[PDB]
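Everything on this sheet refers to the single structure shown next.
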Amino acid sequence: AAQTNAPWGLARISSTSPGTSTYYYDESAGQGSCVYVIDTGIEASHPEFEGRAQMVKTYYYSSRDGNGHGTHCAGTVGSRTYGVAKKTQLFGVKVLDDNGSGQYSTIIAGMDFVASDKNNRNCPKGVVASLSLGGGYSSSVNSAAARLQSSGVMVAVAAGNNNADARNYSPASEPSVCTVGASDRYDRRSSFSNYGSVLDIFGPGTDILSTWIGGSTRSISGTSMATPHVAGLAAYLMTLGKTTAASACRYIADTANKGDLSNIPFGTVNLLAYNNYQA
């Protein structure tokens with residue numbers, strides 16, 4: 001399938017080269033997979049989600065996304081126009097308040113929630129969790145991310161936006177999950193992207209157009225935007241039968257575009273998420 005005039009990041013995910021604008025992907029499109037977006041919530045009524053999004057948990061007075069961040073990330077995972085996996089089922093878990101903040105104890109509870117809640121959902125092709133959030137190093141936060149992964153969920157987490165080594169941030173520094181840095185449309189490391197040995201992969205993260213609250217759209221930047229590209233890619237590849245929750249991060253690294261990014265510090269992987277789809 002071909003989506004013309006796609007956001008640059010979608011085109012990038014299906015291309016050996018930067019500078020194109022059509023997204024190519026197998027029409028299965030993540031059908032039968034599920035992606036949890038653990039964030040500020042999801043505006044599930046947005047036409048772009050086509051009834052495939054729902055809130056399943058909140059720790060606050062509402063499950064509504066009063067911020068936009070979670071709706072943007074969910075749109076990159078699976079919205080019809082802005083999403084990588086256009087037929088996945090999206091589940092929102094609101095661990096962040098409408099200012100985008102959240103206590104680590106709530107974030108941990110949300111991760112353990114997903115590990116159990118997947119047993120209440122129909123996801124025959126597999127389960128992914130996208131975590132566009134983080135703060136300073138915490139062994140407890142990393143351990144929660146490790147449990148979620150161990151339970152059979154492909155966990156993708158943002159590297160962070162500190163232009164620093166992600167070893168000092170969580171859950172970015174947990175080795176067993178998929179830590180995602182950000183790149184721009186010219187295949188440069190995004191200026192804010194964290195780096196380091198703990199990164200597994202880069203995805204598009206500068207000037208990413210996606211859904212927003214109020215039935216709108218906007219372009220924003222962050223490793224929060226790169227993470228859902230990788231989460232949606234995992235769901236898509238799992239639906240295709242090419243990999244599993246336990247092996248998807250490694251498979252994405254195996255099949256990534258190699259050596260294409262500039263300003264990658266020595267010791268950080270030079271790997272850019274790529275669906276290797278041949279139309």
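As shown in the structure tokens, the chain order sets the letters A, B, ...; within each chain, residues go from 1, and ligands are also counted from 1 in the order they appear.
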
Tell me which protein, DNA and RNA residues are within 9 Å of residue 55 of chain A, counting only C-alpha atoms, leaving out same-chain ones fewer than 5 positions away, and put them as a ChimeraX atom specification. /A:41-44,63-64,90-94

DSSP-assigned strand (DSSP E or B) among segment 131-265 of chain A, expressed as a PyMOL selection string: chain A and resi 131+135-136+153-158+165+169-170+178-183+188-189+195+201-204+208-212+216-220+257-258+262

Residue selection dump (N, CA and C atoms) as a compact mmCIF listing (two decimals), in the first residue's frame:
# COMPACT_ATOMS: atom_id res chain seq x y z
N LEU A 131 6.01 4.22 25.58
CA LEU A 131 6.24 5.04 26.77
C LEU A 131 7.05 6.28 26.40
N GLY A 135 12.16 10.33 33.42
CA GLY A 135 12.81 11.29 34.29
C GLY A 135 14.15 10.74 34.69
N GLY A 136 14.63 11.15 35.86
CA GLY A 136 15.92 10.71 36.34
C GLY A 136 15.96 9.22 36.64
N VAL A 153 5.24 -8.13 26.31
CA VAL A 153 4.88 -6.87 25.66
C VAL A 153 6.15 -6.25 25.10
N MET A 154 6.10 -5.84 23.83
CA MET A 154 7.20 -5.09 23.24
C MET A 154 7.18 -3.68 23.82
N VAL A 155 8.15 -3.36 24.67
CA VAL A 155 8.19 -2.07 25.35
C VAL A 155 9.15 -1.15 24.60
N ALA A 156 8.62 -0.02 24.13
CA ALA A 156 9.41 1.02 23.48
C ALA A 156 9.35 2.26 24.37
N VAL A 157 10.52 2.83 24.69
CA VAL A 157 10.61 3.98 25.58
C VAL A 157 11.45 5.08 24.96
N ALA A 158 11.10 6.32 25.28
CA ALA A 158 11.84 7.47 24.78
C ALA A 158 13.20 7.57 25.44
N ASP A 165 23.69 11.45 27.80
CA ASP A 165 23.67 10.00 27.83
C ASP A 165 22.42 9.51 28.55
N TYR A 169 18.71 8.25 32.85
CA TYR A 169 17.28 8.50 32.79
C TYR A 169 16.52 7.18 32.78
N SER A 170 15.27 7.22 33.24
CA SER A 170 14.44 6.03 33.33
C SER A 170 13.06 6.33 32.77
N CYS A 178 13.20 -1.33 24.58
CA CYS A 178 13.69 -0.73 23.34
C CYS A 178 13.77 0.78 23.53
N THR A 179 14.98 1.30 23.66
CA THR A 179 15.20 2.73 23.91
C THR A 179 15.43 3.47 22.60
N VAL A 180 14.62 4.50 22.37
CA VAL A 180 14.47 5.13 21.06
C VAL A 180 14.97 6.56 21.10
N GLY A 181 15.99 6.84 20.28
CA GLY A 181 16.42 8.20 20.03
C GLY A 181 15.69 8.81 18.83
N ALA A 182 15.94 10.10 18.60
CA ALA A 182 15.22 10.86 17.59
C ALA A 182 16.15 11.40 16.51
N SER A 183 15.67 11.36 15.27
CA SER A 183 16.34 11.94 14.12
C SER A 183 15.44 12.94 13.41
N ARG A 188 19.86 13.70 10.43
CA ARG A 188 20.70 14.13 11.53
C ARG A 188 20.09 13.69 12.85
N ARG A 189 20.94 13.34 13.81
CA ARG A 189 20.47 13.21 15.18
C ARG A 189 19.72 14.48 15.57
N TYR A 195 21.51 10.07 23.80
CA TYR A 195 22.34 9.13 23.08
C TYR A 195 22.94 8.19 24.11
N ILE A 201 17.86 2.11 18.92
CA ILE A 201 17.34 2.48 17.61
C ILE A 201 17.00 3.96 17.62
N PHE A 202 16.99 4.56 16.44
CA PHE A 202 16.49 5.91 16.23
C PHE A 202 15.22 5.85 15.39
N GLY A 203 14.32 6.80 15.65
CA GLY A 203 13.17 7.01 14.81
C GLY A 203 12.94 8.49 14.57
N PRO A 204 12.10 8.82 13.60
CA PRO A 204 11.82 10.24 13.31
C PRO A 204 11.25 10.96 14.53
N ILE A 208 7.25 16.36 13.71
CA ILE A 208 6.39 15.21 13.44
C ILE A 208 4.93 15.66 13.52
N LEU A 209 4.23 15.57 12.39
CA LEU A 209 2.81 15.89 12.31
C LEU A 209 1.99 14.70 12.79
N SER A 210 1.03 14.97 13.67
CA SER A 210 0.14 13.92 14.15
C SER A 210 -1.13 14.57 14.70
N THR A 211 -2.00 13.72 15.25
CA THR A 211 -3.25 14.17 15.85
C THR A 211 -3.01 15.00 17.10
N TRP A 212 -3.98 15.86 17.41
CA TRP A 212 -3.99 16.63 18.64
C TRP A 212 -5.42 16.71 19.15
N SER A 216 -7.86 18.05 16.17
CA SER A 216 -6.94 18.84 15.38
C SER A 216 -5.69 18.04 15.04
N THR A 217 -4.69 18.72 14.48
CA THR A 217 -3.39 18.14 14.20
C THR A 217 -2.35 19.21 14.48
N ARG A 218 -1.12 18.78 14.76
CA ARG A 218 -0.01 19.71 14.85
C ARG A 218 1.30 18.94 14.76
N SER A 219 2.36 19.70 14.51
CA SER A 219 3.71 19.17 14.38
C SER A 219 4.50 19.59 15.61
N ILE A 220 5.08 18.60 16.31
CA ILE A 220 5.94 18.84 17.46
C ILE A 220 7.13 17.88 17.39
N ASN A 257 18.01 0.78 8.80
CA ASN A 257 18.98 1.46 7.95
C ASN A 257 20.21 1.77 8.79
N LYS A 258 21.38 1.36 8.30
CA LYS A 258 22.62 1.43 9.05
C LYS A 258 23.54 2.52 8.52
N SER A 262 23.79 11.37 10.82
CA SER A 262 24.92 12.21 11.18
C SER A 262 24.82 12.66 12.64

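From atom CA of residue 256 of chain A back to atom CA of residue 171 of chain A, the distance works out to 22.5 Å.
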
Here is a test: counting only C-alpha atoms, which residue of A:235, A:166, A:240, A:246 is nearest to residue 27 of chain A? A:240

Name the residues of segment 4-81 of chain A that fall into helix (DSSP H, G or I) according to DSSP on the backbone, using the chain letters and numbers of this document, as number ranges by chain. A: 8-13, 47-49, 69-78

Skip residue 275 of chain A itself and residues of its chain fewer than 3 positions away, then list as a ChimeraX atom specification all residues within 7 Å of it, counting only C-alpha atoms. /A:13-14,233

Long-range neighbours of residue 194 of chain A as a list in words, 6 Å cut-off, only C-alpha atoms, 4 positions minimum in chain: residues 159, 160, 161, 162, 163, 164, 165 and 166 of chain A

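Note that atom CA of residue 115 of chain A and atom CA of residue 151 of chain A are 6.0 Å apart.
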
Set the distance at 10 Å and use only C-alpha atoms: which residues neighbour residue 247 of chain A once local chain neighbours fewer than 6 positions away are removed? I'd like the list as a PDB file with N, CA, C and O atoms, in the first residue's frame.
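Result file follows (selection18.pdb):
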ATOM      1  N   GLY A 152       5.662 -10.272  28.029  1.00  0.00           N
ATOM      2  CA  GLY A 152       5.276 -10.534  26.656  1.00  0.00           C
ATOM      3  C   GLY A 152       4.778  -9.318  25.905  1.00  0.00           C
ATOM      4  O   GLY A 152       3.983  -9.447  24.969  1.00  0.00           O
ATOM      5  N   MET A 154       6.101  -5.841  23.834  1.00  0.00           N
ATOM      6  CA  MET A 154       7.201  -5.089  23.237  1.00  0.00           C
ATOM      7  C   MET A 154       7.179  -3.683  23.820  1.00  0.00           C
ATOM      8  O   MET A 154       6.282  -2.895  23.511  1.00  0.00           O
ATOM      9  N   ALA A 234       6.809  -2.023  15.439  1.00  0.00           N
ATOM     10  CA  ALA A 234       6.789  -3.339  16.070  1.00  0.00           C
ATOM     11  C   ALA A 234       5.439  -4.016  15.870  1.00  0.00           C
ATOM     12  O   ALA A 234       5.371  -5.198  15.514  1.00  0.00           O
ATOM     13  N   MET A 238       4.914  -7.494  13.901  1.00  0.00           N
ATOM     14  CA  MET A 238       4.306  -8.624  14.597  1.00  0.00           C
ATOM     15  C   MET A 238       3.081  -9.137  13.847  1.00  0.00           C
ATOM     16  O   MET A 238       2.912 -10.352  13.693  1.00  0.00           O
TER      17      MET A 238
END

With a distance cut-off of 7 Å and only C-alpha atoms, select the neighbouring residues of residue 229 of chain A, excluding the residue or stretch itself and same-chain residues fewer than 2 positions from it, and output the selection as a list in words. residues 76, 77, 84, 203, 226, 227, 231, 232 and 233 of chain A

Could you list, as a PyMOL selection string, every residue within 10 Å of segment 56-62 of chain A, counting only C-alpha atoms and ignoring same-chain residues fewer than 4 positions away? chain A and resi 36+38-41+66+90-98+102+106-107+109-110+113-114+117

A straight line from atom CA of residue 71 of chain A to atom CA of residue 250 of chain A spans 27.2 Å

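The smallest atom-to-atom distance between residue 7 of chain A and any of A:30, A:99, A:206, A:132, using only C-alpha atoms, is found for A:206.
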
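Shortest atom-to-atom contact with residue 124 of chain A among A:37, A:145, A:108, A:245: A:245, counting only C-alpha atoms.
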
Taking a cut-off of 12 Å and counting only C-alpha atoms, can you build a table that, for each residue of segment 59-153 of chain A near segment 16-26 of chain A, reports the nearest atom pair and how far apart they are in Å (one decimal), sorted by chain then residue number, as a tab-separated table?
residue	atom	partner	partner_atom	distance
A:81	CA	A:23	CA	10.2
A:82	CA	A:23	CA	10.2
A:83	CA	A:23	CA	10.1
A:84	CA	A:25	CA	8.5
A:85	CA	A:25	CA	8.8
A:86	CA	A:25	CA	9.7
A:87	CA	A:26	CA	11.0

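Among the candidates A:65, A:191, A:134, A:222, the one nearest to residue 264 of chain A when counting only C-alpha atoms is A:191.
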